[PDB]
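In: pasting the sequence and an experimental structure:
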Amino acid sequence: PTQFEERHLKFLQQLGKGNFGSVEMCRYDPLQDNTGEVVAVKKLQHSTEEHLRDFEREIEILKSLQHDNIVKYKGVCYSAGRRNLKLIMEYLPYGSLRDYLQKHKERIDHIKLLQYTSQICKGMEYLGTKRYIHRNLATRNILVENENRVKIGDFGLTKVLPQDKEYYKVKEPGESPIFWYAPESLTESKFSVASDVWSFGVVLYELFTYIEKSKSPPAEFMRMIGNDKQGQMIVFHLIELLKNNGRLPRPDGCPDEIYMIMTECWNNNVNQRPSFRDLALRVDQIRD
Ligand SMILES: CC(=O)Nc1ccc(-c2ccnc(Nc3ccc(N4CCOCC4)cc3)n2)cc1
């Protein structure tokens, strides 16, 4: 199957809701009775013209991706008399890695964190070969199939690199996850493979903090900057902080070797940052 029908595909559960739209658990039942495959359906809320243009680009990006650590594309569903667009993805039962690590839990140590770390790296290597820049790497955007496998999701902010340059300038945003952003992504709005490496360093940081309330990237940066400051002054302070080796501290219980990987990812020099292939091999060699 590649095209999913509106008359079938029955609602089961609401998975996620935000300003972008809503992702919902559904069962595609063509026969149908009750025996059918469970799939995740993504739609839009507060929809305009530009959001459909970006959503259609998001579908095409996800369609071109076929990897064990990337959320699988199933198809598309045209609803409301073929006047609305919906993305069909596979369903992963254990939700986001952010919720999975906070609640499943005192069962994950460094070597299991590195297993998830390695899988994120391998998925990012696949995205590099297709010249895609994720731009939104976070533990909340990584989905969990089972205790042994995690998959990269949320490709809404993913941009395709031009044939001319190795970077992509994005001016549109307005609201952006600035605490995962690279210095050049903040100052010059430049996004590349190396900016994803920077963001991955923050993802690796999130994992070894076990997402404890006070140890989160936004909470730690605002502690160094001053949690009393609001609007742009946060960004001005963050830029000056990152320019002069201001970094997220080593998590409680995190080995020195792992924090070295974080700091290497957090390099102000763009070209000095390690590739995702270098990271995946280093992480796997530490595992055994
Ligand atoms: C912005 C965006 O792209 N969001 C998003 C959210 C999701 C998924 C997705 C894809 C495949 N499977 C799942 N499964 C899943 C199952 C349970 C939860 N939760 C468990 C209960 O608590 C709420 C979340 C979340 C996701 N989600 C894809 C794109």
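Out: Structure received. Numbering: from 1, shown residues only.
In: the strands in the stretch 151-288 of the chain, which residues?
Out: 159-160, 168-169, 190-191 (DSSP state E, counting those that start in this stretch).
In: for these, which one ends up most surrounded?
Out: Greatest average neighbour count among the strands of the stretch 151-288 of the chain goes to strand 190-191 (a mean of 22), per mean count of other CB atoms under 10 Å. Every residue, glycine included, has its C-beta placed from N, CA and C.
In: name the helices or strands packed onto that one?
Out: Strand 190-191 is packed against strand 168-169, with contacts defined by 3 or more CB pairs under 8 Å, 6 or more residues apart in numbering; DSSP states H and E.
In: thinking again about what came up before, wait, which of the strands of the stretch 151-288 of the chain is closest to the ligand?
Out: In terms of CB to the nearest ligand atom, the element of the strands of the stretch 151-288 of the chain nearest to the ligand is strand 159-160, at 15.3 Å.
In: so what strands line up beside that closest one?
Out: strand 132-133 (antiparallel) (DSSP bridges).
In: could you list every helix and strand in contact with the following helix or strand past the partner strand?
Out: Later in the chain than strand 132-133, the nearest helix or strand by DSSP states H and E is strand 142-146. Using 3+ CB pairs under 8 Å, 6+ apart, the elements in contact with strand 142-146 are helix 97-103, strand 149-152.
In: if we can go back for a sec, I'd like the strands of the stretch 151-288 of the chain as JSON lines, with distance to the ligand appended.
Out: Putting the strands of the stretch 151-288 of the chain into JSON lines (distance: least, CB to the nearest ligand atom, whole Å) gives the following:
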{"stretch": "strand 159-160", "distance to the ligand": "15"}
{"stretch": "strand 168-169", "distance to the ligand": "20"}
{"stretch": "strand 190-191", "distance to the ligand": "18"}
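In: any chance of a markdown table for those, columns distance to residue 247?
Out: A markdown table is the format used below for the strands of the stretch 151-288 of the chain (distance: least, CB to CB, whole Å):
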| stretch | distance to residue 247 |
| --- | --- |
| strand 159-160 | 26 |
| strand 168-169 | 25 |
| strand 190-191 | 20 |
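In: returning to what we had before: between the helices and strands packed on strand 142-146, which gets nearest to the ligand?
Out: It is, among those and with distance given as CB to the nearest ligand atom, helix 97-103, at 6.1 Å.
In: quick revisit: tell me which of the helices and strands packed on strand 142-146 is the most buried.
Out: strand 149-152 (a mean of 21).
In: how about that strand and the ligand, any contact?
Out: No - in terms of CB under 6 Å from any ligand atom, no part of strand 149-152 sits within range of the ligand; the closest distance is 7.8 Å.
In: and that strand, what does it pack onto?
Out: Checked by 3+ CB pairs under 8 Å, 6+ apart, strand 149-152 has helix 110-129, strand 142-146 packed alongside it.
In: which stretch among the ones you listed comes nearest residue 164?
Out: Among the helices and strands packed on strand 149-152, helix 110-129 comes nearest to residue 164, with 17.4 Å by CB to CB.
In: elements contacting the closest one?
Out: strand 149-152, helix 193-209, helix 276-287.
In: burial count for the spatially closest residue to residue 11 that is not a sequence neighbour?
Out: Spatially, and ignoring its direct neighbours in sequence, residue 11 is nearest to residue 26 (5.8 Å; CB to CB, 6 or more residues apart in numbering). If you count neighbours by other CB atoms under 10 Å, residue 26 ends up with 24.
In: got the contact list for residue 26?
Out: Counting by CB atoms under 8 Å, 6 or more residues apart in numbering, residue 26 touches 9-12, 38-41.
In: these into a markdown table, with extra columns for distance to residue 98, neighbour count and secondary structure?
Out: Output for the contacts of residue 26, formatted as a markdown table (distance: CB to CB, whole Å; neighbours: other CB atoms under 10 Å; DSSP: H, G, I helix; E, B strand; the rest coil):
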| residue | distance to residue 98 | neighbour count | secondary structure |
| --- | --- | --- | --- |
| 9 | 28 | 21 | coil |
| 10 | 28 | 11 | strand |
| 11 | 25 | 10 | strand |
| 12 | 22 | 15 | strand |
| 38 | 22 | 13 | strand |
| 39 | 22 | 22 | strand |
| 40 | 17 | 23 | strand |
| 41 | 21 | 24 | strand |
